[PDB]
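Before any questions on how it binds or moves, here is one chain, the form deposited in one PDB entry, in structure tokens.
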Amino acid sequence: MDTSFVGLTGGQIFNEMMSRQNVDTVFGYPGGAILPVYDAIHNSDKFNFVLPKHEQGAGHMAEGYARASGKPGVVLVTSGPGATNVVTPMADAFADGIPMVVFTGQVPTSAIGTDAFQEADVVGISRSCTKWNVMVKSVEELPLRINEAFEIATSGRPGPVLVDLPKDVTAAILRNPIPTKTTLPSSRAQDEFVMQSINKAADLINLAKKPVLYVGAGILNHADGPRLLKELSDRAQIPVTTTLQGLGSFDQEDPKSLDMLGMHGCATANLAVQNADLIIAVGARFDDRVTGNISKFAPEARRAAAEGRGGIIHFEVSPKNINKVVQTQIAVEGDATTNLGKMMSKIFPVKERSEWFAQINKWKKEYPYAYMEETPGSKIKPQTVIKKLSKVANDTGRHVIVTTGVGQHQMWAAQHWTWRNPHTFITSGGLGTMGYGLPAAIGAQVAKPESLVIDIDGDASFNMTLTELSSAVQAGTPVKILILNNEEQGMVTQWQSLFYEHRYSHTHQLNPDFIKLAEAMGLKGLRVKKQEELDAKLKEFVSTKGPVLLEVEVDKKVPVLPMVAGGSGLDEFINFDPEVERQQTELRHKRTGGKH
């Protein structure tokens, strides 16, 4: 038994457990139900507290913080609307496997189930969007629940967890000693089984003639992931493609880089995947934005599997994602990085793959990320902004972190930025939450105070959570907000152009003056609309001390390409064509009655 907490309130015990869980930052917003805990963390030296203007912001900040630091993001909000306001961030963290512990205040246990003031069944509401949740029934179990929450959030596939805290529990004084284990954080047959699958994976890899590494976020859940990935890639001469969430795990400057695959992935990455005899999936879940039409996915690997000379190998940590989308030949369970390390010595060094590399190189010259570049008098092109910013940012020599909103700017940031470092791309992929950009950048900056943190946002996405601009000033986070303003919900207008004969239904919102907004919010505001001024503005943007927002007026109705949609296979993509763009433009003006 442990009696060291006897005499303390639940709130004080909460405060105490934070330092035991190595928590240095908490994102939250005060409220009645959670007051006992706030009174306990008042002036606390155990951690920095970050206050947003809206709980959703606290949630996204916590995600960005977790994505940038590798530590779970901690949220502390009140009951009722406080808790319902964090459902989106939880669903978002759940989709992208982000470690987060959400503490929600709750009405007194005696008022639960009486439709009490600011009462919500948060445990019920968040059941499907948390790896686990619970309502603390007594102060005696507060330490146990906190410890279980942190452990569950950061293990297996990371994810969000919620802990409901009744006000009478946090205000209550602990009058009983409690088990020592509940107050302290944290099979040979199985090991042999994993080692057996590792040997099978090695044998299969040593047999491959056209292998491809399909890499995702999982490789970033271990400090040595990128390093071991590169070792394997070099040792067996295997080209590497990453998902949107795997960007930064592999140096794109390396000859063996295939760039991103998927719906809007590089044509070369998609073609390599469709023609590979062996796909080595590492920390990726084969989501529907990556596979294209599943029945058309990886035909050559499927053919090789039927002939027992290839197929798909999957390094997955969660049983839920093993053989959930496609049949795999070998599943290596557990942490990918760890398993890559164990397999390495069994992989035969390869001298070269001239044919495979030659084929891949022909595709690279044939299918670059082409787009309609600037022309005299034309508006600035969004893709051009990303390419230029990437260069300017990288040249500073500083550690760079990029967050984004959801939409075309997001895809263009993914395609045209040159990814080289682990944990430098923080974006909402699974749930695709517009508004993620700003708050995520604020959280990321708190995690890495010395990094140059850039939010490449869209105008519609930015509007969702622009109130957090004042939070950036109050928090002292010198974030660089970039708004690629096309005065439209681009992602949606693109789909409307393609599948709904150019009928833009409610996808054009009236924007506020972003520069005046920035100034009203307390930061520097910059705007650029002329090609000749882009370079200077990007320069000023990056070198400005303090938070700053830069709006770039960009061309409208520009589609993201290449694109694989509907029943198309990864190799049946739409490619950029200047002539077609011009024809589609004319067709658009007619159909919209000249409105767009």
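Start at 1 and count along the sequence shown; that's the residue number. Here, rigid core means the biggest group of C-alpha atoms that superpose within 1.5 Å across both forms.
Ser186, though modelled here, lacks coordinates in at least a third of the other entries of this protein that were compared and that model residues flanking it.
Count the deposited residues lacking coordinates between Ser186 and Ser187 and you get 4 to 9 of them. Here the stretch with the larger average CA B-factor, out of 120-128 and 458-466, is 120-128.
According to the PDB record, 140-148 carries the higher mean C-alpha B-factor of the two stretches 140-148 and 258-266. Per the PDB record, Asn206 has a higher Cα B-factor than any other of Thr338, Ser318, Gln445, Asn206.
Of the candidates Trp417, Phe286, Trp363, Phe425, it is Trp363 whose Cα B-factor is highest according to the PDB record. Placement of the Cα temperature factor of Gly566 within the chain: highest third of the modelled residues, per the deposited record. Annotation for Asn575: C-alpha temperature factor in the highest third relative to the rest of the modelled chain, per the entry. In the PDB entry, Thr25 places in the lowest third of its chain by CA B-factor. Among the modelled residues of its chain, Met61 has a C-alpha B-factor that falls in the lowest third according to the deposited record. Annotation for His314: C-alpha temperature factor in the lowest third relative to the rest of the modelled chain, per the entry.
The next section is about a form of this same protein that is not shown, the form deposited in another entry.
Large C-alpha shift between this form and the one not shown, rigid core held fixed: of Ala40, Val528, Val50, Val542, this applies to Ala40 alone, with a displacement of 2 Å or more.
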